[PDB]
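Chemist: This structure is in structure tokens; I'll ask about it shortly.
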Amino acid sequence: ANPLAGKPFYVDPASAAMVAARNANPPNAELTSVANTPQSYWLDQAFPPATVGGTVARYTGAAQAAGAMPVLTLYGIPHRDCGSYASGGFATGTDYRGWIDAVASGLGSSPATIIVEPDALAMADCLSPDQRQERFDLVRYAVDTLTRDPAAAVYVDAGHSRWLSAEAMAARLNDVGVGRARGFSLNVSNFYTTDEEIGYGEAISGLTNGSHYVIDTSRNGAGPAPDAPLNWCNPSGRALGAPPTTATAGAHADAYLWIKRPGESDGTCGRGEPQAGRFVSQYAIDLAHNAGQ
Ligand SMILES: OC[C@H]1CNC[C@@H](O)[C@@H]1O[C@@H]1O[C@H](CO)[C@@H](O)[C@H](O)[C@H]1O
Ligand SMILES: OC[C@H]1CNC[C@@H](O)[C@@H]1O[C@@H]1O[C@H](CO)[C@@H](O)[C@H](O)[C@H]1O
């Protein structure tokens, strides 16, 4: 059965969007709309192995107290973002494994949806063959360890319909034991249409023994900007996409989710824009305004 069906997705009360919406004087309809929409909660190397367990227990416990399904995004892979706008992650594979153990300890038996490492498999060719294998082994470690929470619905990140081919990504997913997870995620922090991502997802599902997937619809309401290098890096003219739901149009699509948080910068992007992750009220307002809100 679809593990995401049956409770609402958790709205994070402490998101930067919530802070901005509560501070708006006068109240701003675009910030409010965004702030009130459930979005994934991202963890990285700012949450060390020593304490991330508690952080995770707190968030899933709070979601359970709200009768809601929390979505967490794990974004701590070594050589994260290949040293680009979102450089970071843990220094070593040993650190990463310790981090995953602590995350799993904080999950316990609690309900959670886990997006495992946006871009890691799709961007891995920036690494040497040995470092790439190490990376695949770490993602597999995440799947093997996190799925010990029976109530964790785990989706390995699989890029998007214009990155690797369905065949190439399926190979990497199969390398990391996607069969043991619920499946994979698509379009994270990107802008491709839901229709496009469904066709790509159904193709990958066919190559991964009928695995299921989720699509990030946070910013895909108007499709992508014209094809160009960095068209994913704070593009203008984009719109909020479908609000999070399990009422999808794909046979193996468990949900549309907002994985990326609308308003949070993609990076400096060659234009001296805010650091990746920093909330920009203007960007959230633009995304909402472009969706007609
Ligand atoms: O070489 C990386 C490119 C390849 N083409 C597609 C493009 O998406 C990709 O860039 C990455 O895009 C994702 C969002 O889809 C970002 O999260 C990455 O930072 C970026 O490098
Ligand atoms: O998609 C992963 C990265 C790199 N490319 C796109 C960019 O928007 C994204 O940045 C991350 O965004 C999340 C959610 O807004 C933040 O929590 C991270 O700090 C940031 O690196």
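Naming works like this for the structure tokens: A, B, ... for the chains as they're shown, residue 1 at the start of each chain, ligands 1 onward in shown order.
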Using only C-alpha atoms and all ligand atoms, find each residue with an atom at most 6 Å away from ligand 1 and format the answer as a PDB file with C-alpha atoms, in the first residue's frame.
Modeler:
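Resulting contents of part.pdb:
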```pdb
ATOM      1  CA  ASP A  81      27.142  19.233  -4.512  1.00  0.00           C
ATOM      2  CA  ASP A 119      21.641  14.880  -6.331  1.00  0.00           C
ATOM      3  CA  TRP A 163      19.750  14.534 -16.017  1.00  0.00           C
ATOM      4  CA  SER A 189      14.872  21.625  -6.268  1.00  0.00           C
ATOM      5  CA  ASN A 190      14.116  21.584  -9.979  1.00  0.00           C
ATOM      6  CA  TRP A 232      18.079  25.579 -12.238  1.00  0.00           C
TER       7      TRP A 232
END
```
Chemist: Counting only C-alpha atoms and all ligand atoms, what residues are within 6 Å of ligand 2, given as a PDB file with N, CA and C atoms, in the first residue's frame?
Modeler:
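The file below, out-v4.pdb, is the result:
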```
ATOM      1  N   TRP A  42      15.229  19.749   6.127  1.00  0.00           N
ATOM      2  CA  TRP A  42      16.539  19.317   5.636  1.00  0.00           C
ATOM      3  C   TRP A  42      17.561  19.222   6.778  1.00  0.00           C
ATOM      4  N   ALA A  86      26.275  24.590  -3.262  1.00  0.00           N
ATOM      5  CA  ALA A  86      25.796  23.991  -2.012  1.00  0.00           C
ATOM      6  C   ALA A  86      26.826  23.055  -1.401  1.00  0.00           C
ATOM      7  N   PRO A 118      19.467  14.305  -2.101  1.00  0.00           N
ATOM      8  CA  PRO A 118      19.264  15.022  -3.358  1.00  0.00           C
ATOM      9  C   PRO A 118      20.580  15.132  -4.109  1.00  0.00           C
ATOM     10  N   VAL A 188      13.806  17.168  -7.354  1.00  0.00           N
ATOM     11  CA  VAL A 188      14.121  17.891  -6.120  1.00  0.00           C
ATOM     12  C   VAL A 188      14.916  19.160  -6.450  1.00  0.00           C
ATOM     13  N   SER A 189      14.347  20.294  -6.044  1.00  0.00           N
ATOM     14  CA  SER A 189      14.872  21.625  -6.268  1.00  0.00           C
ATOM     15  C   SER A 189      14.928  21.970  -7.746  1.00  0.00           C
ATOM     16  N   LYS A 260      12.293  20.674  -1.854  1.00  0.00           N
ATOM     17  CA  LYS A 260      12.874  22.024  -1.794  1.00  0.00           C
ATOM     18  C   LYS A 260      11.863  22.965  -1.130  1.00  0.00           C
ATOM     19  N   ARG A 261      12.344  23.929  -0.330  1.00  0.00           N
ATOM     20  CA  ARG A 261      11.480  24.949   0.299  1.00  0.00           C
ATOM     21  C   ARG A 261      11.405  26.248  -0.522  1.00  0.00           C
ATOM     22  N   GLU A 264      13.822  29.609  -0.563  1.00  0.00           N
ATOM     23  CA  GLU A 264      15.184  29.386  -0.167  1.00  0.00           C
ATOM     24  C   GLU A 264      16.053  29.422  -1.430  1.00  0.00           C
ATOM     25  N   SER A 265      17.076  30.281  -1.398  1.00  0.00           N
ATOM     26  CA  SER A 265      17.986  30.457  -2.514  1.00  0.00           C
ATOM     27  C   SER A 265      18.642  29.140  -2.932  1.00  0.00           C
ATOM     28  N   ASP A 266      18.931  29.033  -4.221  1.00  0.00           N
ATOM     29  CA  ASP A 266      19.689  27.930  -4.777  1.00  0.00           C
ATOM     30  C   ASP A 266      21.193  28.134  -4.716  1.00  0.00           C
ATOM     31  N   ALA A 276      23.119  29.269  -0.838  1.00  0.00           N
ATOM     32  CA  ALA A 276      22.150  28.167  -0.948  1.00  0.00           C
ATOM     33  C   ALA A 276      21.483  27.868   0.412  1.00  0.00           C
ATOM     34  N   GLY A 277      20.150  27.855   0.418  1.00  0.00           N
ATOM     35  CA  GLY A 277      19.385  27.611   1.619  1.00  0.00           C
ATOM     36  C   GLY A 277      18.837  28.836   2.325  1.00  0.00           C
TER      37      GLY A 277
END
```
Chemist: Give me the residues near residue 50 in chain A as a list in words, where near means some atom within 10 Å (using only C-alpha atoms) and where sequence neighbours in that chain fewer than 4 positions away do not count.
Modeler: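 In the requested form, the answer reads residues 54, 98, 99, 102 and 103 of chain A.
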Chemist: Filtering to C-alpha atoms, could you give me those residues as an mmCIF file, in the first residue's frame?
Modeler:
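The resulting out.cif:
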```
data_model
loop_
_atom_site.group_PDB
_atom_site.id
_atom_site.type_symbol
_atom_site.label_atom_id
_atom_site.label_comp_id
_atom_site.auth_asym_id
_atom_site.auth_seq_id
_atom_site.Cartn_x
_atom_site.Cartn_y
_atom_site.Cartn_z
ATOM 1 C CA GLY A 54 17.511 13.899 19.284
ATOM 2 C CA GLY A 98 27.871 7.493 12.035
ATOM 3 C CA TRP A 99 25.390 10.197 11.057
ATOM 4 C CA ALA A 102 22.173 8.471 14.702
ATOM 5 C CA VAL A 103 19.347 9.445 12.348
#
```
Chemist: Counting only C-alpha atoms, what is within 8 Å of residue 222 in chain A, bar same-chain residues fewer than 6 positions away, as a PyMOL selection string?
Modeler: chain A and resi 191+193+237-241+290-291
Chemist: So which bits of range 179-228 of chain A end up helix (DSSP H, G or I) when you DSSP the backbone, as a PyMOL selection string?
Modeler: chain A and resi 179-180+194-207
Chemist: Which of range 36-177 of chain A counts as strand (DSSP E) under DSSP, as a ChimeraX atom specification please?
Modeler: /A:41-43,71-74,112-116,152-157
Chemist: Keeping only N, CA, C and O atoms, write those residues as a PDB file, in the first residue's frame.
Modeler:
```pdb
ATOM      1  N   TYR A  41      11.994  18.879   5.791  1.00  0.00           N
ATOM      2  CA  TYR A  41      12.893  19.471   6.786  1.00  0.00           C
ATOM      3  C   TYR A  41      14.298  18.886   6.508  1.00  0.00           C
ATOM      4  O   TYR A  41      14.500  17.678   6.547  1.00  0.00           O
ATOM      5  N   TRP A  42      15.229  19.749   6.127  1.00  0.00           N
ATOM      6  CA  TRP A  42      16.539  19.317   5.636  1.00  0.00           C
ATOM      7  C   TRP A  42      17.561  19.222   6.778  1.00  0.00           C
ATOM      8  O   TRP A  42      17.724  20.160   7.583  1.00  0.00           O
ATOM      9  N   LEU A  43      18.280  18.106   6.818  1.00  0.00           N
ATOM     10  CA  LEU A  43      19.357  17.916   7.772  1.00  0.00           C
ATOM     11  C   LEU A  43      20.676  17.711   7.041  1.00  0.00           C
ATOM     12  O   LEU A  43      20.744  16.999   6.052  1.00  0.00           O
ATOM     13  N   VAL A  71       8.222  14.872   6.713  1.00  0.00           N
ATOM     14  CA  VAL A  71       9.147  14.576   5.613  1.00  0.00           C
ATOM     15  C   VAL A  71      10.481  15.226   5.963  1.00  0.00           C
ATOM     16  O   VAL A  71      10.532  16.421   6.263  1.00  0.00           O
ATOM     17  N   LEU A  72      11.538  14.414   5.956  1.00  0.00           N
ATOM     18  CA  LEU A  72      12.900  14.851   6.258  1.00  0.00           C
ATOM     19  C   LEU A  72      13.746  14.587   5.030  1.00  0.00           C
ATOM     20  O   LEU A  72      13.595  13.553   4.366  1.00  0.00           O
ATOM     21  N   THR A  73      14.636  15.520   4.733  1.00  0.00           N
ATOM     22  CA  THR A  73      15.605  15.368   3.667  1.00  0.00           C
ATOM     23  C   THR A  73      17.012  15.297   4.245  1.00  0.00           C
ATOM     24  O   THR A  73      17.465  16.211   4.990  1.00  0.00           O
ATOM     25  N   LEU A  74      17.701  14.213   3.895  1.00  0.00           N
ATOM     26  CA  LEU A  74      19.074  13.985   4.299  1.00  0.00           C
ATOM     27  C   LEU A  74      20.005  14.508   3.230  1.00  0.00           C
ATOM     28  O   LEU A  74      19.972  14.061   2.090  1.00  0.00           O
ATOM     29  N   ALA A 112       7.801   8.366   9.354  1.00  0.00           N
ATOM     30  CA  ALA A 112       8.585   9.380   8.696  1.00  0.00           C
ATOM     31  C   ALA A 112       8.737   9.079   7.218  1.00  0.00           C
ATOM     32  O   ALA A 112       8.716   7.942   6.768  1.00  0.00           O
ATOM     33  N   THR A 113       8.911  10.132   6.461  1.00  0.00           N
ATOM     34  CA  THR A 113       9.209  10.017   5.054  1.00  0.00           C
ATOM     35  C   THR A 113      10.615  10.574   4.896  1.00  0.00           C
ATOM     36  O   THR A 113      10.870  11.658   5.376  1.00  0.00           O
ATOM     37  N   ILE A 114      11.541   9.816   4.290  1.00  0.00           N
ATOM     38  CA  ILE A 114      12.924  10.233   4.173  1.00  0.00           C
ATOM     39  C   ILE A 114      13.329  10.355   2.729  1.00  0.00           C
ATOM     40  O   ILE A 114      13.232   9.368   1.971  1.00  0.00           O
ATOM     41  N   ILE A 115      13.774  11.550   2.350  1.00  0.00           N
ATOM     42  CA  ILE A 115      14.364  11.776   1.028  1.00  0.00           C
ATOM     43  C   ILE A 115      15.880  11.658   1.194  1.00  0.00           C
ATOM     44  O   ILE A 115      16.520  12.523   1.834  1.00  0.00           O
ATOM     45  N   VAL A 116      16.481  10.608   0.612  1.00  0.00           N
ATOM     46  CA  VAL A 116      17.896  10.346   0.779  1.00  0.00           C
ATOM     47  C   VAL A 116      18.760  11.014  -0.291  1.00  0.00           C
ATOM     48  O   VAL A 116      18.802  10.584  -1.441  1.00  0.00           O
ATOM     49  N   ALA A 152       9.330   4.120   8.401  1.00  0.00           N
ATOM     50  CA  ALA A 152      10.010   5.079   7.532  1.00  0.00           C
ATOM     51  C   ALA A 152       9.803   4.697   6.081  1.00  0.00           C
ATOM     52  O   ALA A 152      10.091   3.555   5.656  1.00  0.00           O
ATOM     53  N   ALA A 153       9.252   5.632   5.328  1.00  0.00           N
ATOM     54  CA  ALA A 153       9.093   5.470   3.893  1.00  0.00           C
ATOM     55  C   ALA A 153      10.272   6.178   3.266  1.00  0.00           C
ATOM     56  O   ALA A 153      10.385   7.431   3.332  1.00  0.00           O
ATOM     57  N   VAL A 154      11.154   5.388   2.667  1.00  0.00           N
ATOM     58  CA  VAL A 154      12.457   5.893   2.235  1.00  0.00           C
ATOM     59  C   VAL A 154      12.510   5.990   0.724  1.00  0.00           C
ATOM     60  O   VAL A 154      12.260   4.999   0.033  1.00  0.00           O
ATOM     61  N   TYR A 155      12.871   7.170   0.222  1.00  0.00           N
ATOM     62  CA  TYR A 155      12.986   7.420  -1.220  1.00  0.00           C
ATOM     63  C   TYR A 155      14.411   7.918  -1.524  1.00  0.00           C
ATOM     64  O   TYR A 155      14.844   8.995  -1.052  1.00  0.00           O
ATOM     65  N   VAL A 156      15.141   7.141  -2.304  1.00  0.00           N
ATOM     66  CA  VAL A 156      16.475   7.522  -2.725  1.00  0.00           C
ATOM     67  C   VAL A 156      16.377   8.550  -3.832  1.00  0.00           C
ATOM     68  O   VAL A 156      15.673   8.352  -4.839  1.00  0.00           O
ATOM     69  N   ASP A 157      17.119   9.638  -3.707  1.00  0.00           N
ATOM     70  CA  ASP A 157      17.053  10.637  -4.782  1.00  0.00           C
ATOM     71  C   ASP A 157      17.634  10.142  -6.118  1.00  0.00           C
ATOM     72  O   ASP A 157      18.696   9.562  -6.171  1.00  0.00           O
TER      73      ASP A 157
END
```
Chemist: List the spatial neighbours of residue 169 in chain A as a PDB file with N, CA and C atoms, in the first residue's frame - criterion: any atom at most 10 Å away, only C-alpha atoms, same-chain residues fewer than 4 positions off excluded.
Modeler:
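Result file follows (around.pdb):
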```
ATOM      1  N   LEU A 121      23.328  10.490  -6.308  1.00  0.00           N
ATOM      2  CA  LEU A 121      23.505   9.507  -7.371  1.00  0.00           C
ATOM      3  C   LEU A 121      23.624  10.193  -8.730  1.00  0.00           C
ATOM      4  N   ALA A 122      22.863  11.272  -8.945  1.00  0.00           N
ATOM      5  CA  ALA A 122      22.749  11.853 -10.285  1.00  0.00           C
ATOM      6  C   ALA A 122      24.006  12.626 -10.658  1.00  0.00           C
ATOM      7  N   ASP A 157      17.119   9.638  -3.707  1.00  0.00           N
ATOM      8  CA  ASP A 157      17.053  10.637  -4.782  1.00  0.00           C
ATOM      9  C   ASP A 157      17.634  10.142  -6.118  1.00  0.00           C
ATOM     10  N   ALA A 158      16.920  10.453  -7.197  1.00  0.00           N
ATOM     11  CA  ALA A 158      17.193   9.903  -8.513  1.00  0.00           C
ATOM     12  C   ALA A 158      17.294  10.995  -9.612  1.00  0.00           C
ATOM     13  N   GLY A 159      17.528  12.257  -9.230  1.00  0.00           N
ATOM     14  CA  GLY A 159      17.695  13.331 -10.202  1.00  0.00           C
ATOM     15  C   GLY A 159      16.368  13.739 -10.820  1.00  0.00           C
ATOM     16  N   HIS A 160      16.364  13.883 -12.145  1.00  0.00           N
ATOM     17  CA  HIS A 160      15.205  14.344 -12.915  1.00  0.00           C
ATOM     18  C   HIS A 160      15.309  13.901 -14.368  1.00  0.00           C
ATOM     19  N   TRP A 163      18.429  14.736 -16.596  1.00  0.00           N
ATOM     20  CA  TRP A 163      19.750  14.534 -16.017  1.00  0.00           C
ATOM     21  C   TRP A 163      20.295  13.191 -16.548  1.00  0.00           C
ATOM     22  N   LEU A 164      20.342  12.139 -15.735  1.00  0.00           N
ATOM     23  CA  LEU A 164      20.647  10.812 -16.287  1.00  0.00           C
ATOM     24  C   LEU A 164      19.440  10.199 -16.974  1.00  0.00           C
ATOM     25  N   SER A 165      19.722   9.225 -17.834  1.00  0.00           N
ATOM     26  CA  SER A 165      18.682   8.467 -18.465  1.00  0.00           C
ATOM     27  C   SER A 165      18.034   7.554 -17.442  1.00  0.00           C
ATOM     28  N   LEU A 173      20.247   3.100  -8.829  1.00  0.00           N
ATOM     29  CA  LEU A 173      19.255   2.732  -7.836  1.00  0.00           C
ATOM     30  C   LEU A 173      19.331   1.260  -7.455  1.00  0.00           C
ATOM     31  N   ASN A 174      19.486   0.388  -8.450  1.00  0.00           N
ATOM     32  CA  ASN A 174      19.638  -1.027  -8.207  1.00  0.00           C
ATOM     33  C   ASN A 174      20.969  -1.318  -7.484  1.00  0.00           C
ATOM     34  N   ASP A 175      21.998  -0.539  -7.795  1.00  0.00           N
ATOM     35  CA  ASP A 175      23.293  -0.654  -7.117  1.00  0.00           C
ATOM     36  C   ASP A 175      23.106  -0.377  -5.611  1.00  0.00           C
ATOM     37  N   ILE A 204      11.595   4.515 -14.843  1.00  0.00           N
ATOM     38  CA  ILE A 204      12.507   4.012 -13.798  1.00  0.00           C
ATOM     39  C   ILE A 204      11.846   2.905 -12.980  1.00  0.00           C
ATOM     40  N   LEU A 207      12.164  -0.428 -14.529  1.00  0.00           N
ATOM     41  CA  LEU A 207      13.550  -0.913 -14.457  1.00  0.00           C
ATOM     42  C   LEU A 207      14.064  -1.225 -13.044  1.00  0.00           C
ATOM     43  N   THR A 208      13.212  -0.989 -12.049  1.00  0.00           N
ATOM     44  CA  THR A 208      13.509  -1.215 -10.637  1.00  0.00           C
ATOM     45  C   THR A 208      12.422  -2.058  -9.948  1.00  0.00           C
TER      46      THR A 208
END
```
Chemist: How far is it from CA of residue 144 in chain A to CA of residue 101 in chain A, in Å with one decimal?
Modeler: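 Going from CA of residue 144 in chain A over to CA of residue 101 in chain A, I get 10.4 Å.
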Chemist: Just want the 10 Å neighbourhood of range 278-286 of chain A, counted on only C-alpha atoms, with same-chain residues fewer than 5 positions away dropped. Output as an MDAnalysis selection string.
Modeler: chainID A and resid 15:17 19:21 24 28:35 219 234:240 261:267 273 291:293
Chemist: Produce a file of the selected residues containing N, CA, C and O atoms, as a compact mmCIF listing (two decimals), in the first residue's frame.
Modeler:
```txt
# COMPACT_ATOMS: atom_id res chain seq x y z
N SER A 15 9.72 26.86 10.12
CA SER A 15 10.35 27.14 8.83
C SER A 15 10.62 28.63 8.69
O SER A 15 9.94 29.46 9.32
N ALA A 16 11.59 28.97 7.85
CA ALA A 16 11.91 30.36 7.57
C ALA A 16 10.70 31.04 6.95
O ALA A 16 10.42 32.20 7.26
N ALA A 17 9.95 30.29 6.15
CA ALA A 17 8.72 30.83 5.59
C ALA A 17 7.72 31.18 6.65
O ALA A 17 7.04 32.21 6.51
N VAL A 19 8.43 32.07 9.78
CA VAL A 19 9.00 33.26 10.43
C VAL A 19 8.68 34.52 9.63
O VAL A 19 8.20 35.53 10.18
N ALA A 20 8.90 34.45 8.31
CA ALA A 20 8.65 35.56 7.44
C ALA A 20 7.18 35.91 7.39
O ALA A 20 6.83 37.08 7.42
N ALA A 21 6.32 34.92 7.31
CA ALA A 21 4.87 35.15 7.24
C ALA A 21 4.33 35.80 8.51
O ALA A 21 3.47 36.70 8.45
N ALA A 24 5.47 39.57 8.63
CA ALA A 24 5.00 40.48 7.60
C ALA A 24 4.00 41.47 8.21
O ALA A 24 3.06 41.07 8.92
N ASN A 28 1.09 39.19 4.49
CA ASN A 28 1.30 39.02 3.08
C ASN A 28 0.70 37.66 2.65
O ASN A 28 1.11 36.60 3.16
N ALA A 29 -0.25 37.69 1.72
CA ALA A 29 -0.95 36.44 1.30
C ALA A 29 -0.04 35.41 0.66
O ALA A 29 -0.30 34.21 0.77
N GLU A 30 1.00 35.85 -0.04
CA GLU A 30 1.91 34.92 -0.68
C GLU A 30 2.78 34.22 0.38
O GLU A 30 2.93 33.03 0.35
N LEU A 31 3.34 34.96 1.34
CA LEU A 31 4.17 34.29 2.36
C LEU A 31 3.34 33.35 3.20
O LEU A 31 3.82 32.28 3.60
N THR A 32 2.10 33.75 3.50
CA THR A 32 1.23 32.93 4.29
C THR A 32 0.91 31.61 3.59
O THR A 32 0.96 30.55 4.21
N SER A 33 0.59 31.67 2.29
CA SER A 33 0.27 30.48 1.53
C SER A 33 1.43 29.48 1.58
O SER A 33 1.24 28.28 1.85
N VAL A 34 2.63 29.98 1.33
CA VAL A 34 3.83 29.14 1.31
C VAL A 34 4.10 28.57 2.70
O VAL A 34 4.34 27.36 2.84
N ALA A 35 4.07 29.42 3.72
CA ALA A 35 4.37 29.01 5.09
C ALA A 35 3.46 27.92 5.60
O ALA A 35 3.87 27.12 6.43
N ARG A 219 8.22 24.04 -7.14
CA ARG A 219 8.49 25.18 -8.02
C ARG A 219 8.24 24.89 -9.51
O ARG A 219 8.82 25.59 -10.39
N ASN A 234 18.34 29.70 -9.11
CA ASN A 234 17.42 30.86 -8.92
C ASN A 234 16.84 31.45 -10.21
O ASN A 234 16.97 32.66 -10.43
N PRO A 235 16.20 30.61 -11.05
CA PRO A 235 15.58 31.10 -12.26
C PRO A 235 14.40 32.04 -11.92
O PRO A 235 13.71 31.91 -10.88
N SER A 236 14.18 33.02 -12.78
CA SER A 236 13.01 33.87 -12.63
C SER A 236 11.82 33.26 -13.39
O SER A 236 11.98 32.30 -14.13
N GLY A 237 10.63 33.79 -13.18
CA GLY A 237 9.45 33.34 -13.91
C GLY A 237 8.88 31.98 -13.51
O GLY A 237 7.99 31.46 -14.18
N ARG A 238 9.37 31.38 -12.43
CA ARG A 238 8.88 30.04 -12.08
C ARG A 238 7.70 30.18 -11.13
O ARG A 238 7.55 31.18 -10.46
N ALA A 239 6.90 29.13 -11.04
CA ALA A 239 5.70 29.14 -10.19
C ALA A 239 5.65 27.99 -9.25
O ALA A 239 6.17 26.92 -9.57
N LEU A 240 5.02 28.19 -8.09
CA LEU A 240 4.63 27.07 -7.22
C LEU A 240 3.88 26.05 -8.03
O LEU A 240 3.07 26.40 -8.91
N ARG A 261 12.34 23.93 -0.33
CA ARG A 261 11.48 24.95 0.30
C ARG A 261 11.40 26.25 -0.52
O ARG A 261 12.42 26.95 -0.66
N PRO A 262 10.24 26.56 -1.10
CA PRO A 262 10.08 27.77 -1.92
C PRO A 262 10.54 29.02 -1.18
O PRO A 262 10.15 29.20 -0.03
N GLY A 263 11.38 29.83 -1.82
CA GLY A 263 11.94 31.01 -1.18
C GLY A 263 13.39 30.84 -0.78
O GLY A 263 14.12 31.81 -0.64
N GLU A 264 13.82 29.61 -0.56
CA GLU A 264 15.18 29.39 -0.17
C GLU A 264 16.05 29.42 -1.43
O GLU A 264 15.76 28.75 -2.43
N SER A 265 17.08 30.28 -1.40
CA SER A 265 17.99 30.46 -2.51
C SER A 265 18.64 29.14 -2.93
O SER A 265 18.92 28.29 -2.11
N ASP A 266 18.93 29.03 -4.22
CA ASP A 266 19.69 27.93 -4.78
C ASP A 266 21.19 28.13 -4.72
O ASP A 266 21.94 27.19 -4.93
N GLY A 267 21.61 29.36 -4.45
CA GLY A 267 23.03 29.69 -4.29
C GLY A 267 23.36 31.08 -4.78
O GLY A 267 22.47 31.85 -5.17
N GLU A 273 23.88 36.29 -5.51
CA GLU A 273 22.64 36.03 -4.79
C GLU A 273 22.92 35.32 -3.45
O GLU A 273 24.05 34.90 -3.16
N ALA A 291 2.12 31.80 -9.65
CA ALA A 291 1.04 30.81 -9.57
C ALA A 291 -0.35 31.44 -9.47
O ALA A 291 -1.33 30.74 -9.29
N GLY A 292 -0.40 32.78 -9.52
CA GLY A 292 -1.63 33.55 -9.49
C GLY A 292 -2.11 33.88 -8.09
O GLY A 292 -3.23 34.38 -7.95
N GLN A 293 -1.27 33.64 -7.06
CA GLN A 293 -1.62 33.94 -5.66
C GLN A 293 -0.94 35.21 -5.13
O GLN A 293 -0.25 35.89 -5.91
```
Chemist: Please provide the set of residues having any atom within 7 Å of range 245-250 of chain A, restricted to only C-alpha atoms, with same-chain residues fewer than 5 positions apart removed, written as a list in words.
Modeler: residues 4, 5, 198, 255, 256 and 257 of chain A
Chemist: Expressed in Å to a single decimal, how great is the separation between CA of residue 128 in chain A and CA of residue 166 in chain A?
Modeler: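 CA of residue 166 in chain A lies 22.3 Å from CA of residue 128 in chain A.
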Chemist: Work out how far apart CA of residue 110 in chain A and CA of residue 67 in chain A are and give it in Å to one decimal.
Modeler: 11.9 Å
